[PDB]
Structure formats: structure tokens, C-alpha cells
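A short reminder: the numbers here are calculations on the coordinates, not readings from a lab. A quick note on method: Cβ atoms are made from the backbone with ideal geometry, for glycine too, and the neighbour counts reach across all protein chains shown.
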Amino acid sequence: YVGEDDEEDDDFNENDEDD
Amino acid sequence: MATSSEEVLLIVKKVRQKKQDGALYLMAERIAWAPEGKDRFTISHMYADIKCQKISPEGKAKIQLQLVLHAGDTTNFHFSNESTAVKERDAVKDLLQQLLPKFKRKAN
């Protein structure tokens, strides 16, 4: 999509938190 | 930087970065990735510039990981290696969750 177009990148879960 | 980050601790395979497949290689102080068909790594990010990291869970047609930088940029890694992509995602994640906080410093 706009900006990121690798394919599908939305349900991307974080884990490092707000550093 | 340019001392110990020249050694690869984690080797990942069939990883697409920006609609391009290749192999990922995590080094002591930096995460590098080489695109298939190339002899050089087009991806080289220092753990110190990485703010956080995302991992794309099951349900998608692919397993993914992404380097969220404090620079306001994100480096997405599409794990296309059906064989170990999930575990690879996890190991890259694990090593980064291990490595990242040891080189970076919170913006708060």
C-alpha cells in the first residue's frame, strides 16, 4: 500500500514496545 | 558498526525485503540482508538505530518481521521460506529483542 508495499503488513505485532 | 558486526550470528533464508527475495544475516551489532542474485547486502541497519520490531503473526499468507526505527522508518522483512519462516521470524525477533536493547536507548 502507500509507503509499505511488500505485500501485506498490518497485523504486524510489536514486542519491543515504545522505545 | 565495523568490528564485531562483521560476523553473522543468525542466518535466515528466503526473505523478501521490498518485494525482493533474498537471505537475511544478523550480525553482532547490525542486521544485514542480501537480496537473491546479488553478492552484496543491500540491507544494513544498526541495532542502535532500531527503535522496536514487529512480527507478523499467523493468518497471513506469509510470516513477517519489521524493523521499526526511531528515525521514523520501518524495514519490513517478508519471511517467504515456508520451511522455517515462522521459527526464523521468531529467532530474528529473539536475537533482535536480545540485541536491540543492548545497543539502543529509549527516546524516553
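A few remarks follow.
- With a cut-off of 16 Å on the backbone N, the residues of the range B:1-34 near the modelled label site 7 Å out from B:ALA61 along Cα-Cβ are B:16-21.
- Only helices enter this figure: runs of n ≥ 4 DSSP H residues, each worth -39500 (n - 2.57), summed and divided by the residues of chain B, yield -4500 deg cm²/dmol at 222 nm to the nearest 500.
- Angstrom value of the Kirkwood radius, inverse mean 1/r, which spans all Cα pairs in the protein assembly as shown: 14.4
- Using C-alpha pairs under 8 Å with a sequence gap of at least 6, the mean separation divided by the residue count of chain B gives a relative contact order of 23 percent.
- Close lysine pairs were tallied over the protein assembly as shown: pairs 8 or more places apart or on different chains with Cα atoms under 12 Å apart number 6.
- Rg/Rh for chain B, where both radii come from Cα atoms and Rh is the Kirkwood radius: 0.94
- Over the range B:1-43: Kirkwood hydrodynamic radius from C-alpha pairwise inverse distances, Å: 10.3
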